[PDB]
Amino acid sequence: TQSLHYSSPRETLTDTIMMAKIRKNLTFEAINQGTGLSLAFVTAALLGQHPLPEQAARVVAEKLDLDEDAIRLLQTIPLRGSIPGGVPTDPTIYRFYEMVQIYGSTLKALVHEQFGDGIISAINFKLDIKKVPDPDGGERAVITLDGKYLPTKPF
């Protein structure tokens, strides 16, 4: 599996993808139909953060009119990172950034209390987002971060 150490070719591909999606007024849910993969994984891949397996790349390529060069690039492992410079200003992204700023020390404390020394993985890891009704009217998003506990063992 090929990989890139710089982001500019994948950012160009992502821009080609987004302009086709907006021109055709598609949803990510619709683009993902037939990949057999979870919506969050494929969306992240279309946005430049994961490789797609070849079959999923060709399924999404048919819906967005991508050429063979684009299909090849969609299968490459990218230089990951979706917030240029690390600190977002967009309010939607910032709220998730803010959760980590405020609750980061609590997450560390409770991980070590309940699991032990080590980390919760961001690689052996699954993300998903669910819309649920709010009991007081309106809607809520339940974002689930599901990661393997990897212990730190004295050697």
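Numbering starts at 1 and runs along the sequence shown.
Pick between 59-67 and 95-103: the one whose mean CA B-factor in the entry is higher. Looking at the recorded C-alpha B-factors, 59-67 comes out higher on average.
For the C-alpha atoms alone, is the average B factor greater in 3-11 or in 146-154, going by the entry? For C-alpha atoms only, the mean B-factor is higher in 146-154.
Between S121, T27, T89, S38, which carries the biggest CA temperature factor in the record? Among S121, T27, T89, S38, the PDB entry lists the largest C-alpha B-factor for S38.
Should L127 be placed in the lowest, middle or highest third of its chain by the C-alpha B factor in the entry? Its C-alpha B-factor belongs to the highest third of this chain's values.
Chain third (lowest, middle, highest) by recorded CA B-factor, residue given as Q49: Its C-alpha B-factor, which the entry lists for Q49, ranks in the lowest third among residues of this chain.
Third of the chain, ranked by Cα B-factor, where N32 sits: For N32, whose C-alpha B-factor we compare with every modelled residue in the chain, the answer is the middle third.
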